[PDB]
Amino acid sequence: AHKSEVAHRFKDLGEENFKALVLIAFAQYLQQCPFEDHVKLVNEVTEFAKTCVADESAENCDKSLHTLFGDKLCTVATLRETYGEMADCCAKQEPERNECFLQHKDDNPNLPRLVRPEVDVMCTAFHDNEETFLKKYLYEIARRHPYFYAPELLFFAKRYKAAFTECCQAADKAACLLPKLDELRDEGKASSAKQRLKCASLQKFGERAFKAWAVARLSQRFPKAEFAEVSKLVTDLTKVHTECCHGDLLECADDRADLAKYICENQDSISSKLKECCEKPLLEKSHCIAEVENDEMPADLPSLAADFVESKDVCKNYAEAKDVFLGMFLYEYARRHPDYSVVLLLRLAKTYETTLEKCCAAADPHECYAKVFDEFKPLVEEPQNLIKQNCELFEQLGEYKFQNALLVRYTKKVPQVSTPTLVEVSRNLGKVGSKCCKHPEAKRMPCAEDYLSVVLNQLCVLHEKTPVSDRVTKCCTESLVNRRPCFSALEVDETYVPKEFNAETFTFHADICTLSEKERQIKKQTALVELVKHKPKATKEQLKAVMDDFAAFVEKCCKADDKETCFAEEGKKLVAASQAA
Ligand SMILES: O=C(O)c1ccccc1O
Ligand SMILES: O=C(O)c1ccccc1O
Ligand SMILES: O=C(O)c1ccccc1O
């Protein structure tokens with residue numbers, strides 16, 4: 001119990017780290033305020049922290065972190081006219097103020113995308129003003145992702161600064177930044193999606209779900225570790241992720257640094273893969289710890305049968321300590337199956353706990369729990385088969401064609417959801433195909449299924465804001481590990497009334513082909529989703545031929561003049577073909 005815990009966080013983290021963390025927290029909490037106001041509040045907070053470090057016996061720096069942030073934050077957000085539904089939260093009292101600030105986070109705010117000015121002007125601005133430029137970048141990226149992982153964003157800002165200092169000073173400006181900027185953008189999107197998955201799992205399913213997930217992941221990653229060390233590590237990791245997902249960025253980063261230090265200080269007791277890159281500094285060290293590859297398998301392990309199935313008092317020990325028994329079973333099973341996906345292990349553990357809860361408090365317990373392992377056969381067979389045929393389809397269809405197939409399939413599964421979110425989710429679902437299908441079958445399943453869970457959680461999050469689909473919210477809320485089997489087993493929504501025909505959405509303009517290739521891809525996919533929504537009963541071949549003709553026509557008479565005639569009467573042929581179907 002350190003007096004003035006703000007001073008403790010300040011001395012543990014550092015001046016620059018504290019500035020970046022408080023700026024990220026302010027930007028995430030308040031996504032509408034201008035950058036200058038956030039800078040002013042950050043400066044006031046850091047000056048106050050400096051003063052209380054100088055004198056920890058101050059009158060009012062004994063205030064708690066949540067209370068201090070709320071009081072120093074909503075004094076400028078009090079403007080009802082300027083913002084609207086933002087000042088109401090702090091009118092109440094703690095801890096409800098922090099909770100209200102938490103639920104008010106907007107996952108998809110109405111914000112313009114990055115403009116990406118010219119390389120030379122950005123590098124000159126970096127040279128003229130470095131810290132302000134990094135602050136602006138952090139503020140923008142935090143606003144566009146309210147649930148991003150703060151220490152990871154610190155590392156990303158470090159890499160951004162390193163790239164600017166290192167390359168743009170050279171003669172070539174756009175030769176190096178653009179690939180680097182693309183790589184960091186992709187990594188940031190992946191990390192944001194993963195952290196949103198973690199936070200959503202935490203908030204919507206309590207302690208046990210995240211604890212089991214992290215136990216399974218760490219056991220898969222660290223086979224050589226004993227169960228006590230694994231339990232300590234998962235407890236600390238769950239504490240860290242709870243702290244970040246609840247807006248306590250300071251202590252979350254401090255705890256993550258402490259956890260990384262503890263892991264790198266006990267390498268022999270967990271894994272040997274950490275030795276190669278524990279030497280690099282704390283941010284990059286934690287970057288290693290986040291994504292260190294699986295440690296080598298120990299030899300001559302027990303076949304899981306002498307204690308979990310053949311035990312004469314298996315669920316006696318289960319009843320003695322339910323959580324401990326489930327943790328032991330999940331850890332042991334994840335030891336022998338590194339190729340198994342994390343969600344698969346969670347489902348198998350759920351099946352095992354259901355079996356023990358169901359059929360050993362009876363006359364013949366062993367007669368039930370002796371053959372529980374055959375129940376695992378379909379649970380592991382179906383996802384492997386699904387991924388196998390999906391990768392076989394992708395390898396022949398190609399990127400854009402797999403995207404088309406996925407959009408068609410998901411729009412047939414649930415057309416109630418709005419077009420843009422479905423387009424983006426299915427675009428990510430097409431991206432995972434190129435991301436993981438190239439891997440061998442040993443590593444094909446884990447990464448693919450994990451990214452599928454991430455994208456499905458993204459769909460659930462973008463759907464909960466405007467719930468319009470019963471089935472989607474139904475199996476986004478009823479279970480987390482069962483989301484992929486739900487969306488895999490969903491059928492065509494026959495009850496849905498086909499959307500009324502609207503020829504305006506098929507109007508064309510030269511901006512289709514005079515703009516970038518990507519925007520053309522999204523526009524064509526959006527038109528595809530709209531047409532599928534209009535006629536869900538249409539077959540794959542009909543849609544494919546129609547859109548091939550669409551692209552052929554668009555390129556054919558946009559590459560030349562006479563756009564007005566194309567639009568006007570080839571729209572008549574468009575509607576005629578739609579009638580002909
Ligand atoms: O580097 C980026 O462009 C980026 C974009 C979104 C989120 C985090 C990031 O680092
Ligand atoms: O650096 C860590 O402590 C860590 C470990 C596992 C997963 C995510 C993490 O940030
Ligand atoms: O249809 C699926 O659920 C699927 C399966 C494997 C890869 C990507 C996917 O969208």
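Residues numbered from 1 in each chain as written, not as in the entry; some residues may be left out. Chains lettered and ligands numbered in written order. Heavy atoms only, no water.

A.B. asks: Could you give me a rundown of the site of ligand 3, with the residues and numbers involved?
C.D. replies: Ligand 3 sits among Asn390, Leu406, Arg409, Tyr410, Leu429 and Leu452. In the complex, the protein chains occlude 93% of the 280 Å² of accessible area that ligand 3 would expose alone. Here the element with the most residues in the shell around ligand 3 is helix 20 (residues 399-413); it accounts for three residues. Within the shell around ligand 3, the residues separate by chemical class into four nonpolar, one polar and one charged. (Near = heavy atom within 4 Å. Areas by Shrake-Rupley, 256 points an atom, 1.4 Å probe, with all protein chains shown as cover. Helix = DSSP H or I, 4+ residues; strand = E, 2+ residues; numbered from the N terminus. Nonpolar A, V, L, I, M, F, W, Y, C, P; charged D, E, K, R; others polar.)

A.B. asks: Which residues make up the state of the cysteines, and what values do they have?
C.D. replies: Following the criterion strictly, the structure yields 17 disulfides and no others. With its sulfur 2.0 Å from that of its partner, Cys123 forms a disulfide with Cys168. Around the S-S axis, the bridge from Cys123 to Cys168 shows a dihedral of about 70° and counts as right-handed. Here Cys168 lies in the loop between helix 8 (150-166) and helix 9 (174-221) and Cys123 lies in helix 6 (residues 119-128), a separation of 45 residues in the sequence. Grouping residues by exposure puts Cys123 and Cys168 together as buried. Sulfur-sulfur distance for the disulfide between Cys513 and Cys558 comes to 1.9 Å. Taken together, the residues span a long stretch of sequence, with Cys513 in helix 25 (residues 511-514) and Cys558 in helix 27 (residues 540-558) at a distance of 45 residues. (Disulfide = S-S within 2.5 Å. Buried < 20%, exposed > 50% of the residue type's maximum accessible area, 1.4 Å probe, protein only.)

A.B. asks: Give a description of unusual backbone geometry that names residues and reports values.
C.D. replies: With an omega of 0°, the peptide bond running from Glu94 to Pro95 counts as cis. With respect to the element layout, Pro95 can be found in the loop between helix 4 (65-77) and helix 5 (96-103). The residue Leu304 is not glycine, and still its phi comes out positive at about 65°. Within the secondary structure layout, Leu304 lies in the loop between helix 13 (282-290) and helix 14 (305-308). The class of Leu304 is buried, set by a relative accessible area of 8%. Phi at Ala581 is positive, roughly 55°, even though this residue is not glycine. Mapped onto the secondary structure, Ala581 falls in the segment after helix 28 (563-580).

A.B. asks: Please provide a residue-by-residue account of the UniProt feature "binding site: (4Z,15Z)-bilirubin IXalpha" in the protein chain, values included.
C.D. replies: Look at the UniProt record and you will see "binding site: (4Z,15Z)-bilirubin IXalpha" annotated at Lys239. Within the secondary structure, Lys239 is located in helix 10 (residues 227-245). By relative accessible area, which is 43% here, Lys239 ends up partly exposed. (UniProt positions renumbered as here; feature names shortened; annotations may be inferred.)

A.B. asks: Mind laying out the site of ligand 2, listing which residues take part and the relevant values?
C.D. replies: Taken together, the neighbourhood of ligand 2 is formed by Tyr149, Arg221, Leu237, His241, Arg256, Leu259, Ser286 and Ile289. Side-chain polar atom of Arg256 to an oxygen atom of ligand 2: 3.5 Å apart, as the coordinates give it. With the chains in place, 89% of the 280 Å² that ligand 2 exposes on its own is no longer accessible. At the level of secondary structure, the elements contributing two or more residues to the shell around ligand 2 comprise helix 10, helix 11 (249-264) and helix 13. Residue composition of the shell around ligand 2, by class: four nonpolar, two polar and two charged. (Polar contact = N/O pair within 3.5 Å; in protein donor to acceptor, adjacent residues only side chain to side chain.)

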